[PDB]
Amino acid sequence: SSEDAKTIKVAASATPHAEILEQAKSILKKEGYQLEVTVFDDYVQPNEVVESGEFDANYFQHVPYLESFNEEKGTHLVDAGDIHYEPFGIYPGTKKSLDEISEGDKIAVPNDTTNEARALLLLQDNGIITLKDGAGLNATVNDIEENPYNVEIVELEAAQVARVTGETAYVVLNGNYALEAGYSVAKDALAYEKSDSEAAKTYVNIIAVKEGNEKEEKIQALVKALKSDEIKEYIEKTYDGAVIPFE
Ligand code: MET
Ligand SMILES: [Cl-]
Ligand SMILES: [Cl-]
Ligand SMILES: [Cl-]
Ligand SMILES: [Cl-]
């Protein structure tokens with residue numbers, strides 16, 4: 001395990017996660033660690049490859065997603081560090097403005113528990129639907145009380161939502177997939193979560209590890225690098241408010 005002690009294998013999303021990790025590689029190298037990043041296109045395999053012990057950690061999900069994944073998939077993963085937040089947004093599909101919303105419009109949303117709930121909460125915040133009191137972080141389409149435009153919620157894998165912009169009136173995208181598809185939340189989103197919102201302190205992206213590894217020296221070194229002034233400044237200067245360092 002001496003070679004293992006110096007290497008940090010991290011499963012991550014393409015953007016911003018792998019780009020942020022690439023900047024942190026020089027920080028960790030100076031500290032005697034070899035950061036090795038593998039990029040994943042989905043939200044399932046990064047947790048499975050940490051649970052199996054193939055990777056030391058992953059950098060792709062928020063706290064509600066991890067909790068729901070531990071319950072729904074039987075993983076035992078832990079949040080080793082809170083790093084950044086990505087404003088969730090409603091982006092144009094076949095309609096370019098929310099003022100154009102009309103009866104029966106399809107809205108594409110992520111189909112996992114917490115990101116679907118997040119999409120329904122963002123639609124509620126924009127007066128499109130209302131949800132039952134107490135629906136919360138695991139709100140489903142069955143929690144919809146009011147639906148004045150009789151919108152059709154089209155549930156797809158989060159990675160696929162940006163690819164149905166010619167099939168649905170609007171699409172609700174995770175920051176990482178909006179960036180991957182070339183969107184800018186600040187310029188292109190029709191509506192998005194505010195940086196002083198409840199979502200801003202709830203959907204924080206983390207470093208997740210197997211239970212019992214959250215205090216490993218190398219994990220603590222990785223988390224400290226990602227929360228450093230060099231990484232926070234890189235995030236602020238690069239992503240134009242689409243990625244916000246956690247504080
Ligand atoms: C896999 S949970 C979603 C993570 C995504 N980067 C977000 O902050 O919306
Ligand atoms: Cl609009
Ligand atoms: Cl439609
Ligand atoms: Cl529906
Ligand atoms: Cl996905």
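We place every Cβ from the backbone using ideal geometry, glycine too, and count neighbours over all the protein chains shown. Every number here is computed from the coordinates shown, using simple stated rules; none is lab data.
As a length-normalised measure over Cα pairs under 8 Å and 6 or more apart, the relative contact order of the chain settles at 30 percent.
Each peptide in 33-46, 133-146 was scored by the mean count of other Cβ atoms within 10 Å over its residues; highest first, the order is 33-46, 133-146. Taking every DSSP helix (H) stretch of at least 4 residues in the chain, weighting each as -39,500 (n - 2.57) and dividing the sum by the residue count yields a mean residue ellipticity at 222 nm of -9000 deg cm²/dmol. Could you tell me how many degrees, from 0 to 90 and to the nearest 10, lie between the Cα long axis of helix 229-238 and the main elongation axis, the longest principal axis, of the Cα atoms of the chain? The angle comes out at about 40 degrees. Between 18, 186, 108, the GNM of the chain built on Cα springs shorter than 10 angstrom shows 186 fluctuating the most. Taken one residue at a time, the phi angles of the range 214-226 give Karplus couplings (6.51, -1.76, 1.60, θ = phi - 60°) of 5, 10, 3, 3, 5, 5, 4, 5, 4, 4, 4, 4, 5 Hz. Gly and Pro are set to x. In this structure the amide hydrogen of residue 61, modeled in the peptide plane, comes within under 5 Å of the amide hydrogens of 206, none closer than 5 places in sequence on its chain. Rounded to whole numbers, the Karplus 3J(HN,Hα) couplings from phi for the range 27-43 are 4, 5, 4, 4, 8, x, 10, 10, 7, 10, 9, 10, 8, 10, 8, 10, 9 Hz, using 6.51 cos²θ - 1.76 cosθ + 1.60 with θ = phi - 60°, and x at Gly and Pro. Residues whose amide H lies under 5 Å from that of residue 80, counting only those 5 or more places away or on a different chain, are 207, 208, 209; hydrogens are built 1.01 Å from N in the peptide plane. Highest mean first, the peptides 48-54, 61-67 sorted by other C-beta atoms within 10 Å per residue fall in the order 61-67, 48-54.
Amide H to amide H, with H built 1.01 Å from N, residue 152 comes under 5 Å of 105, 106, 107, counting only residues 5 or more places away or on other chains.
Over all directions, the projected convex hull of the C-alpha atoms in the range 89-193 averages 5.8 nm² in area.
Per-residue 3J(HN,Hα) values for the range 59-71, derived from phi via the Karplus relation 6.51 cos²θ - 1.76 cosθ + 1.60 with θ = phi - 60°, read 9, 6, 10, 9, 4, x, 4, 4, 4, 5, 5, 4, 6 Hz in sequence order (x marks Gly and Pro).
Annotation: the antiparallel percentage among DSSP beta bridges lying fully within the range 89-193 is about 55.
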